[PDB]
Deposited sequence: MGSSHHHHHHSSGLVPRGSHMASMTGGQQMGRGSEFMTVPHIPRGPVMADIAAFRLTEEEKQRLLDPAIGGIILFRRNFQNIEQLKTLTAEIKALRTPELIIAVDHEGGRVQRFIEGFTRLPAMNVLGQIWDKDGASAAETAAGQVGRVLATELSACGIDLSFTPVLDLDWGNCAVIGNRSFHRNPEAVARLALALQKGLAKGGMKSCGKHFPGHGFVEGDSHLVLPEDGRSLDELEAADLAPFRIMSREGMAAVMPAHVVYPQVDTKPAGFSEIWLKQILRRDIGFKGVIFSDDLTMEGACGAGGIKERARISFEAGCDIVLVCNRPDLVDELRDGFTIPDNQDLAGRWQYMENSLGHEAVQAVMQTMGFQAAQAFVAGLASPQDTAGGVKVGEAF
C-alpha cells in the first residue's frame, strides 16, 4: 500500500465502482482527494464499497467529499434522511426565534454528517454563507437568511452538529455570492469592499475564527476590489482571506473545467489556492498530472488532514442505533416535508 502525500488536485470518478484506469489515476502524486456526485451513488451498501476501495489505494487515505447542503443540493437520497433547505432554518429563526433555530441547525448538521460518515465520506461542502439579498436564484433557498448575524449563528450551530457527526465545514462562496443575479455565465458584483465587510464577509470571518476547515470561492468578479474572479485573485485570497481575516484552512479553487489545463492550475496556485478541483473531465486530470510539478506548500498536508473524518465506521453505526439519533433523524425529516 503506497505511502504518498496527498497532492493538490481533487478529482472525481465515473460511476459506482473504480475502473482499473481510475485506480491508476488516483495513485498519481498530484491527486489528494475525490468529490462524489449523484452518478456515483446507487445505495448505502455500494457507496461503502466505493469509499473503502478509494481509501485502500494509498496512505494517507484520499479525502472524499460530497455536496450535501440540503433541499435541492443533496447528492445521495435513497437510505438517507432528506434534509431541509437551509432557508427553512432561517424561517424558524424568524418565527420561533434564534435559539430554537440554532437548536434545529445543530440537529440538521448532526444528521447530515453522521449518515455520510457511516459511508466513509470525510466532508460535506456545507455551509452556504451567502446572504439572501433576494437577487440570486442559483443560491436561492440554499442561503440561511438575509441577515449576516443569522447566517453566521446558524452556520456556527450547523458546524457544531457537523462535528458531532465527525466532519469539519466548508464555507461558500467566499467572499459572497448572494448579491449577484444568478439564473443562467460569469456575473458581476459592483459593490465596494466596505459594503462586503459590513455584511457578506462577516459570516466568513466568524466561521474562520471558529475553526472552519475550508472555503470555496465565488465564480464572481468584484470589479471594485479586482477584475479577476475571487478564485484567481491574490487580493481576495492572500491579502484579504489569509492576512486580514487570518484563515488557516483549505482554499479550494474554482472548477477548472470551465492557456489550457496546467495553465489554469498554475494561476489558481499562484492566486493562493491550496487545492484545485477538476470535475467531469478525467482527460484533463491526465493531461494535468503528466509531468506535474507539485507547488511548494508545506501547509498542504495539515490542511488535508484537518478535513479527515474524526469518527470510525463502528462508532458511527453504533450511535445511529441510539434513540437520541433516531429522534434527530425524525425531527430533521419533518423539517424537509
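Deposited residues without C-alpha coordinates, grouped into stretches that follow sequence order
According to the record, the gaps fall at 1-38, 223-224, 299-304, 384-397.
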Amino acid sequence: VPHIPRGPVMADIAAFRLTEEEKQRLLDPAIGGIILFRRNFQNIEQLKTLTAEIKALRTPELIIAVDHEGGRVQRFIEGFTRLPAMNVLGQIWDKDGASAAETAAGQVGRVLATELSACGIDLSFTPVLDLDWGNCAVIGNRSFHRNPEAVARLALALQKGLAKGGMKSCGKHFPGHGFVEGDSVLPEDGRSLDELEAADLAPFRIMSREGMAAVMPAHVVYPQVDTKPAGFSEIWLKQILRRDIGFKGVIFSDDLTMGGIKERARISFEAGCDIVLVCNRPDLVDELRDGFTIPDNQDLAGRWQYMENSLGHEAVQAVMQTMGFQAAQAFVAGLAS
From here on, numbers count along this sequence of modelled residues.
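Does at least a third of the other compared PDB entries (those resolving both flanking residues) leave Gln224 without coordinates?
No, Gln224 is modelled in every other compared entry.
Is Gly259 one of the residues left unmodelled in a third or more of the other entries compared?
Across the other compared entries, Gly259 is absent from at least a third.
Using only C-alpha atoms and the B-factors in the entry, which stretch averages higher, 270-278 or 66-74?
Higher mean C-alpha B-factor: 270-278.
Averaging C-alpha B-factors over each stretch, which comes out higher, 110-118 or 242-250?
Between 110-118 and 242-250, it is 242-250.
In this PDB entry, which of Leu123, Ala213, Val221, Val128 has the top CA B-factor?
The listed residue with the largest C-alpha B-factor is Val221.
Selection by C-alpha B-factor (highest) of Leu201, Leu162, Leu156, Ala98
When the deposited C-alpha B-factors of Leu201, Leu162, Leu156, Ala98 are compared, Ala98 is largest.
C-alpha B factor of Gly171, ranked within the chain: lowest, middle or highest third?
Ranked within chain, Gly171 CA B lands in the lowest tercile.
Would you mind ranking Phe232 by its C-alpha B-factor against the rest of the chain and naming the third, lowest, middle or highest?
Its C-alpha B-factor, which the entry lists for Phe232, ranks in the highest third among residues of this chain.
Third assignment of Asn40 from its chain's C-alpha B-factors
For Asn40, the deposited C-alpha B-factor lands in the lowest third.
Of the three thirds of its chain by CA temperature factor, lowest, middle or highest, which one includes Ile54?
As the PDB entry reports it, the C-alpha B-factor of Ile54 lands in the middle third of its chain.
Would you mind checking where the Cα B-factor of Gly334 ranks among the modelled residues of its chain, as the lowest, middle or highest third?
Its C-alpha B-factor belongs to the middle third of this chain's values.
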